[PDB]
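Per chain, numbering begins at 1; letters A, B, ... match sequence-line order. Only heavy atoms go into these numbers, but all of them, side chains included; no hydrogens, no water, no symmetry mates.
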Amino acid sequence: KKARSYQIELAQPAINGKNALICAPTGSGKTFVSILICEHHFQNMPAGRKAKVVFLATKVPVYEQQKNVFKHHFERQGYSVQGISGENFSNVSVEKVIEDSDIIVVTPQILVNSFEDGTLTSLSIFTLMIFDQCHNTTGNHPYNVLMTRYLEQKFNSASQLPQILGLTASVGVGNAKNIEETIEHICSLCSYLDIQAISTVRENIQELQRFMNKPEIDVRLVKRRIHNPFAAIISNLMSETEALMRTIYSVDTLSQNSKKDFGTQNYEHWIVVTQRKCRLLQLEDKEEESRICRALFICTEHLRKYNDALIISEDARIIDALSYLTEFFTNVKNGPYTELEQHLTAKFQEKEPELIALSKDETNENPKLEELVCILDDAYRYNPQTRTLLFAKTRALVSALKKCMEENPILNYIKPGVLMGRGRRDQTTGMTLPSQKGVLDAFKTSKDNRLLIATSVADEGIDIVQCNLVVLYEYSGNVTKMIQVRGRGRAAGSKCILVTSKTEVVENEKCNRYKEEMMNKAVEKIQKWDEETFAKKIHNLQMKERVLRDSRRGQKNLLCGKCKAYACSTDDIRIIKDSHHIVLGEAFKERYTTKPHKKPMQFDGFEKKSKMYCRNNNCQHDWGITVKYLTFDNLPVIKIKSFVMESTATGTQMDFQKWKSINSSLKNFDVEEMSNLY
RNA sequence: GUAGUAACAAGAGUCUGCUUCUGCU
Ligand SMILES: *O[C@H]1[C@@H](O)[C@H](n2cnc3c(N)ncnc32)O[C@@H]1COP(=O)(O)OP(=O)(O)O
Ligand SMILES: Nc1ncnc2c1ncn2[C@@H]1O[C@H](COP(=O)(O)OP(=O)(O)O)[C@@H](O)[C@H]1O
Ligand SMILES: [K+]
Ligand SMILES: [Mg+2]
Ligand SMILES: [Zn+2]
């Protein structure tokens with residue numbers, strides 16, 4: 001309720017009407033600073049003008065959190081405060097919420113769509129726009145789509161633009177190596193948001209430092225297993241699988257050779273590149289093309305899972321890596337299970353007895369995992385009230401760590417929670433926002449559930465109880481990530497421990513510390529510039545971007561991406577709402593089969609009904625979903641990643657991961673056209 | 001369906017990833 005002195009300081013450039021970037025630590029009260037700026041803004045409007053304020057948040061939970069904050073603060077003062085996100089875009093009309101509210105809180109895509117659809121024509125409808133996590137204003141991020149529009153209006157110079165406020169804990173350094181390059185990076189970000197001043201705590205630092213304690217860092221380098229018989233057995237299986245592939249087809253006319261760097265990210269990326277090349281193989285004999293493509297698809301999928309298991313074993317237990325394989329092979333056994341699949345499964349099952357034996361050898365436990373357990377034991381022994389956030393990179397690793405921490409509870413009583421990002425498409429892994437909230441509620445209040453294991457979903461945004469320990473388990477990243485994760489343990493006495501067996505990860509954390517100091521010094525040098533100097537720099541970058549932006553601004557058969565069977569013509573596709581690609585006609589119904597959808601999501605007016613698969617029982621490739629839409633109970637919606645495209649002109653096959661390059665040649669859905677097909 | 005100056009990169013004479021992760025609609 002009562003503003004801190006550093007908060008009044010941070011607010012000053014914005015109160016004086018300048019577009020301002022507030023750079024200050026996570027949890028230091030930047031949102032409250034924006035509230036101060038808003039109060040002043042409302043009270044100092046020129047005559048005949050009423051303020052209209054929009055607050056943008058990148059994440060639905062942050063939208064909800066900040067909407068509640070603005071409601072509580074400003075409704076008592078007679079102000080109308082409303083929110084729009086994807087949830088309520090079905091009920092809500094955007095223009096009318098804007099008309100009726102003094103403050104709108106939104107996710108940015110809501111606005112983008114309302115410009116796209118002509119509902120909104122000018123950003124001059126707002127007098128103040130507040131960008132939470134404004135460092136996201138880059139590329140084709142929704143933030144940068146909106147600011148591009150702002151700058152297009154600014155260039156046409158026939159309108160009053162809203163004042164801009166950006167909130168961030170880190171402006172970043174980009175790829176800079178020195179203070180000069182860092183300054184350029186920071187001016188770049190400022191240029192995208194039309195910033196006129198950067199506001200940091202400079203006069204009231206000792207107050208700031210009282211509220212925000214940088215957690216104490218520990219970087220622990222640990223050893224790998226002395227011997228790795230599990231890795232040797234899997235690596236040999238991988239070698240044999242590559243040799244099998246080469247007997248099926250000379251893949252080195254299609255992709256390069258592997259370096260046999262099994263169990264690395266480089267090998268992963270190699271498999272995925274090789275998969276792409278294999279699926280684009282073309283032969284005169286279409287039967288043989290299908291047979292070879294399918295076989296190579298299978299070989300590469302198997303190589304991938306072995307590579308995955310190696311990586312799991314490096315970070316977790318042998319039994320975790322083995323579990324992952326046995327669950328994969330169960331899936332293989334229940335699928336098409338063609339001869340090649342039976343063979344690969346039998347080759348694994350030959351080794352399985354020995355692998356099981358290896359997985360019970362306690363003397364070869366993962367040293368990194370042992371260190372992690374010692375860390376947690378020490379923490380909870382010292383302070384039973386500890387709450388810990390344990391970060392790890394992959395869904396698979398977080399799942400393995402959950403299993404470890406549940407089978408073997410810390411001090412035989414601490415229980416883990418798990419937080420992952422949302423399940424995408426058909427993923428059994430992943431969590432809805434309600435599930436996410438449930439986990440965090442338990443973590444916040446439970447007596448024994450005092451450990452949260454998380455992917456990057458926990459980095460920032462969603463409200464999490466303060467943690468006095470944060471453990472980064474092989475969890476490296478850039479200086480902005482470093483800075484954000486600090487906000488999870490910003491309580492006096494908090495600690496942050498990084499555990500790795502990799503000297504590169506240690507070196508990475510050293511470089512982050514150097515970058516953060518470089519970033520802070522660059523900001524200081526920029527703040528010595530007068531307004532004239534700053535504005536001239538930002539104008540120059542804006543014109544460069546304008547000129548770049550300006551100088552940028554055939555019929556195909558779709559074939560199953562696995563077995564190469566004919567699916568449909570581009571002529572048959574219709575686009576719904578610029579996004580969803582349906583296929584018309586009776587012919588196409590012969591080409592696919594369906595099963596009930598496991599998770600009947602709704603979105604953009606569709607009821608998900610079924611999953612859609614290649615009709616070839618020896619293939620069963622996932623092609624998309626079927627939906628109900630309007631008066632139509634059964635529409636197939638294809639996903640571009642499931643197919644290879646073949647030019648009816650050249651006969652050449654191509655790969656597309658987005659529809660963008662193709663959409664131009666496709667017709668839009670027309671309810672009248674559709675209505676006539678029944 | 002789409003985004004990321006997030007991950008991890010590997011390549012091409014500043015451009016490129018569909019992988020990892022997360023976000024949004
Ligand atoms: O190409 C896909 C899209 O047109 C549509 N779809 C699926 N998921 C989404 C989300 N999250 N937002 C917008 N549009 C979506 O469905 C097409 C098929 O995708 P997929 O087969 O992966 O759907 P799924 O239900 O996840 O299996
Ligand atoms: N002056 C203040 N008095 C009381 N609580 C404050 C004050 N400033 C910030 N807080 C609290 O600190 C927390 C973090 O503030 P927030 O604005 O969300 O931080 P940031 O946006 O910098 O991450 C919030 O719960 C907020 O209520
Ligand atoms: K068939
Ligand atoms: Mg990197
Ligand atoms: Zn198929």
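- With its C1'-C2'-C3'-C4' torsion below zero, B/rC18 shows a south sugar pucker.
- The nearest whole Å value for the distance from the CD1 atom in A/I462 to the P atom in B/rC24 is 9 Å.
- Using a 4.0 Å heavy-atom criterion, one finds that A/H269 contacts the bases of the nucleic acid, with or without backbone contacts as well.
- Using a 4.0 Å heavy-atom criterion, one finds that A/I640 contacts the sugar-phosphate atoms exclusively.
- Out of B/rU20, B/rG1, B/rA7, the shortest distance to the side chain of A/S579 is found at B/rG1.
- The side chain of A/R424 lies closest to B/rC24 when the candidates are B/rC15, B/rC24, B/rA7.
- A positive value of the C1'-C2'-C3'-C4' torsion places the sugar of B/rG4 in the northern pucker family.
- Taking atom CG of residue A/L666 and atom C1' of nucleotide B/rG1, one finds them 14 Å apart after rounding to whole Å.
- For B/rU5, the torsion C1'-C2'-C3'-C4' is below zero, which places the sugar in the south, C2'-endo range.
- Taking the six-membered ring for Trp and thresholds of 30 and 60 degrees, A/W623 and A/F588 have nearly parallel ring planes, at less than 30 degrees apart.
- Between the P atoms of B/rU5 and B/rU14, the separation comes to 13 Å (whole Å).
- For the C1' atoms, the distance from B/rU20 to B/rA9 is 11 Å, rounded to whole Å.
- In this structure, A/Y143 and A/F131 have perpendicular ring planes: the angle between them is above 60°, well past the 30° mark.
- Pairing for B/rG1 goes to B/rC24, judged as Watson-Crick or G-U wobble with the two contacts each under 3.5 Å.
- For a distance-only test at 3.5 Å, the side chain of A/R425 qualifies as a donor-acceptor partner of the base of B/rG1.
- With B/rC21, B/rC8, B/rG1 as the candidates, the nucleotide lying closest to the side chain of A/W659 is B/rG1.
- A salt bridge links A/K481 with A/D459: at least one charged nitrogen is closer than 4.0 Å to a carboxylate oxygen.
- Adjacent in the strand, B/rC15 and B/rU16 form a stacked pair, their six-membered rings being closer than 5.5 Å at the centres and less than 30 degrees apart in orientation.
- B/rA6 and B/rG11: their P atoms are spaced 24 Å apart (whole Å).
- Salt-bridge formation is not detected for the pair A/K577/A/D604: no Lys NZ or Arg NE/NH1/NH2 atom is positioned less than 4.0 Å from an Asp or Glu carboxylate oxygen.
- For A/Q109 and B/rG1, the CD to P distance is 15 Å, given to the nearest whole Å.
- Heavy-atom distances to RNA chain B give each of A/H580 and A/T455 a nearest nucleotide, and the one nearer the 5′ end belongs to A/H580.
- Comparing B/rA3 with B/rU16, their P atoms are spaced 13 Å from each other, to the whole Å.
- Of the candidate nucleotides B/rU20, B/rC18, B/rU22, B/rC18 has the atom nearest to the side chain of A/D655.
- B/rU22 and B/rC8 are spaced 15 Å apart, taking the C1' atom of each and rounding to whole Å.
- Among the heavy atoms of the strands lying under 4.0 Å from A/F89 are primed sugar atoms or P, OP1, OP2 only; no base atom is included.
- Base engagement by A/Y192 is indicated by at least one non-hydrogen atom pair under 4.0 Å involving a base atom.
- Among the protein residues, A/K639 comes within range of the sugar-phosphate backbone only, with heavy atoms under 4.0 Å from sugar or phosphate atoms but none that close to a base.
- For the P atom pair drawn from B/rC18 and B/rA7, the interatomic distance equals 16 Å after rounding to whole Å.
- The nucleotide B/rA9 finds no pairing partner, because no Watson-Crick or G-U wobble arrangement with both distances shorter than 3.5 Å includes it.
- Summarising the base pairing, B/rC18 is matched to no nucleotide, lacking a Watson-Crick or G-U wobble pair whose two defining distances lie under 3.5 Å.
- When each of A/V60 and A/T394 is assigned the nucleotide of RNA chain B bearing its nearest heavy atom, the one mapping closer to the 5' terminus is A/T394.
- Distance check on atom P: B/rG17 versus B/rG4 gives 11 Å, rounded to whole Å.
- Evaluation of atom-type donor-acceptor distances gives no pair under 3.5 Å for the side chain of A/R395 against the base of B/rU22.
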